[PDB]
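Residue numbers (the numbering used here): 31 to 110.
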(Lines of atoms letter the chains of each structure in order from A and count residues from 1; the text may use other names and numbers.)
(Lines give C-alpha, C1' and ligand atoms only; values in the text may rest on other atoms or scores of the structure.)
Protein backbone atom coordinates (compact mmCIF):
# COMPACT_ATOMS: atom_id res chain seq x y z
CA UNK A 1 0.00 0.00 0.00
CA UNK A 2 0.89 3.69 -0.19
CA UNK A 3 -1.01 6.60 1.35
CA UNK A 4 -0.19 10.15 2.38
CA UNK A 5 1.61 10.75 5.67
CA UNK A 6 1.22 14.43 6.54
CA UNK A 7 0.31 17.42 4.39
CA UNK A 8 0.25 20.60 6.44
CA UNK A 9 0.17 24.13 5.05
CA UNK A 10 3.44 26.13 5.14
CA UNK A 11 1.54 29.09 6.57
CA UNK A 12 -1.86 30.73 6.18
CA UNK A 13 -3.56 33.94 7.31
CA UNK A 14 -7.05 35.43 7.52
CA UNK A 15 -8.20 39.05 7.37
CA UNK A 16 -11.41 40.66 8.63
CA UNK A 17 -13.14 43.72 7.20
CA UNK A 18 -16.01 44.22 9.63
CA UNK A 19 -16.77 47.77 8.51
CA UNK A 20 -20.27 49.27 8.44
CA UNK A 21 -19.34 51.80 5.75
CA UNK A 22 -19.53 50.09 2.36
CA UNK A 23 -23.02 50.62 0.95
CA UNK A 24 -24.62 49.11 -2.15
CA UNK A 25 -27.52 50.60 -4.11
CA UNK A 26 -30.65 48.54 -4.73
CA UNK A 27 -29.48 48.40 -8.35
CA UNK A 28 -25.92 47.33 -7.59
CA UNK A 29 -27.06 44.70 -5.09
CA UNK A 30 -29.60 43.33 -7.56
CA UNK A 31 -26.80 42.63 -10.02
CA UNK A 32 -24.36 41.36 -7.40
CA UNK A 33 -26.91 38.79 -6.23
CA UNK A 34 -27.68 37.76 -9.81
CA UNK A 35 -24.05 37.09 -10.70
CA UNK A 36 -22.97 35.44 -7.45
CA UNK A 37 -26.04 33.20 -7.48
CA UNK A 38 -25.25 32.03 -11.01
CA UNK A 39 -21.55 31.62 -10.25
CA UNK A 40 -20.61 31.33 -6.57
CA UNK A 41 -17.11 32.42 -7.59
CA UNK A 42 -16.37 34.59 -10.62
CA UNK A 43 -13.19 34.52 -12.71
CA UNK A 44 -10.30 36.99 -12.82
CA UNK A 45 -11.57 38.83 -15.93
CA UNK A 46 -15.25 38.12 -15.29
CA UNK A 47 -15.30 39.86 -11.91
CA UNK A 48 -13.91 42.86 -13.78
CA UNK A 49 -16.45 42.89 -16.61
CA UNK A 50 -19.17 42.99 -13.96
CA UNK A 51 -17.64 45.74 -11.83
CA UNK A 52 -17.70 47.73 -15.07
CA UNK A 53 -21.32 46.90 -15.89
CA UNK A 54 -22.66 47.86 -12.47
CA UNK A 55 -19.92 50.40 -11.83
CA UNK A 56 -18.52 48.65 -8.76
CA UNK A 57 -14.91 47.96 -7.78
CA UNK A 58 -13.34 44.55 -8.42
CA UNK A 59 -12.74 44.44 -4.66
CA UNK A 60 -16.48 44.74 -4.01
CA UNK A 61 -17.32 41.47 -5.76
CA UNK A 62 -14.36 39.71 -4.15
CA UNK A 63 -15.21 40.83 -0.62
CA UNK A 64 -19.00 40.96 -0.95
CA UNK A 65 -18.81 37.39 -2.26
CA UNK A 66 -16.69 35.84 0.49
CA UNK A 67 -19.06 37.40 3.04
CA UNK A 68 -22.05 35.95 1.20
CA UNK A 69 -20.52 32.47 1.07
CA UNK A 70 -20.65 32.27 4.87
CA UNK A 71 -24.45 32.40 4.86
CA UNK A 72 -24.63 30.30 1.70
CA UNK A 73 -22.87 27.49 3.55
CA UNK A 74 -24.63 25.30 6.11
CA UNK A 75 -23.36 23.69 9.32
CA UNK A 76 -25.42 21.09 11.17
CA UNK A 77 -23.46 19.56 14.06
CA UNK A 78 -26.55 18.56 16.05
CA UNK A 79 -30.08 19.95 15.81
CA UNK A 80 -32.13 19.33 18.93
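Here a beta-carbon is modelled for each residue, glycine too, at the ideal position from N, C-alpha and C.
How would you write the range of the alpha helix (DSSP H) that residue 66 sits in, first residue to last?
56-68
Please report how far the alpha carbon of residue 60 lies from the alpha carbon of residue 50, in whole angstroms.
19 Å
Cα-Cα, which of 88, 78, 102, 33 is closest to residue 67?
Residue 67 has its Cα closest to that of 102, out of 88, 78, 102, 33.
Skipping 5 residues on each side, what residues in its chain have a beta carbon closer than 6 Å to that of residue 77?
Excluding sequence neighbours, residue 77 sits near 88, 91.
Residue 101: first and last residue of the uninterrupted alpha helix (DSSP H) it sits in
For residue 101, the uninterrupted alpha helix (DSSP H) segment begins and ends at 88-102.
Look up residue 77 in the DSSP assignment and say whether it is helix, strand or coil.
helix
Rounded to the nearest angstrom, what separates residue 75 and residue 81 at their Cα positions?
10 Å
Is residue 72 helix, strand or coil by DSSP?
coil
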